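Read the single chain below, which is given as structure tokens and is the form deposited in one PDB entry.
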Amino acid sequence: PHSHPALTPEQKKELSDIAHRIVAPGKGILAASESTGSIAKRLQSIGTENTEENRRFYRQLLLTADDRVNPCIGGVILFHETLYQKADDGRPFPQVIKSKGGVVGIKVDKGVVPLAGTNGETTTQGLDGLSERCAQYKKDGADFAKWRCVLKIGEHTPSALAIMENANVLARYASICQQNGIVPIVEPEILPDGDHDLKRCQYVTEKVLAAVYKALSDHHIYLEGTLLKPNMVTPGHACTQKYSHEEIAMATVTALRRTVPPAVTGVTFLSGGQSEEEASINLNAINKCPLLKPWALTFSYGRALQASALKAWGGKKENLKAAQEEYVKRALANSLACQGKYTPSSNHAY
């Protein structure tokens, strides 16, 4: 094959520097990019009307927590709406995030769509006009992006088509992002839905990630200028067999070691349906796993960082401090976890 450089040494340096800042030691990502329709259920759980002002206030609550969170948060992912909102002091949210040492991220996908001829499988859309959108988001303060692909473990899934198609679209998205100085976070989420066991999740995860990286290679993606946001390897949500955190950690680390090139700057785990504590304990076990890990192993949590804060807030302005306190607590717990320093108080078998 013949090379036709997609990026200059300068463009590579910019992307690599951004990627490294996000996952620097002890730092993780706050995923606060829920759309109106996705955060609707959260607000209704606390009897709070889903208005623009309430969403702005809640986001402000998280983004303006005290400096204790600064060394814990390397990046914050925002939804389009939030990227253009301002704190009470008039400061745009991207400025608020940057001022606390964090990198600003932006969700750019346009949701999943059904793959015809499959058993309920999907791919993700959002490539149309993505380059122009990225160029604008960059000018407006964003340095990295989010794009979520969803795969499911079932009797006949994920199918060959679902794997190939989702891997290909993630590569297209990544390619467009890098052309605009935006670090793409590649997110091939394999849902925990089902009664499958740990070994099954590990197998599927290994096959999906192998497909993802081959696609990234085919599309000339600069891995040093990317991050990976995969599901941890865990048994199905309804699996009858139970496992220890150490087992989940070994399965996860083994899967990654068998598929993720050392060149990838970092892995930022999604928490799925895990509770706040569960997500932190598992991430800690992952970092304590006695196998060599050539990439940062950290977090990109949404609910796992906001669950208690949202509840403490309750939609009441007078609970601002209490709510932010809960967020800080989880930010500190996960910052410790991504270093293997968190305390709540036979690899050949994989």
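In case it trips you up, residue 1 is the first one in the sequence shown, and so on.
Same protein, other form: the form deposited with a small molecule bound, not shown, and the subject of what follows.
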message: in the deposited complex, does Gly272 come within 4.5 Å of the small molecule, counting heavy atoms only?
response: yes
- prompt: Any of the heavy atoms of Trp313 lying within 4.5 Å of the small molecule in the deposited complex?
  reply: no
query: So in the deposited complex, does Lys288 come within 4.5 Å of the small molecule, heavy atom to heavy atom?
result: no
- request: Answer for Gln306 alone: is it within 4.5 Å of the small molecule in the deposited complex, judged on heavy atom distances?
  value: yes
- prompt: Which of 280 to 288, 64 to 72, 295 to 303, 47 to 55 has heavy atoms within 4.5 Å of the small molecule in the deposited complex?
  reply: 295 to 303
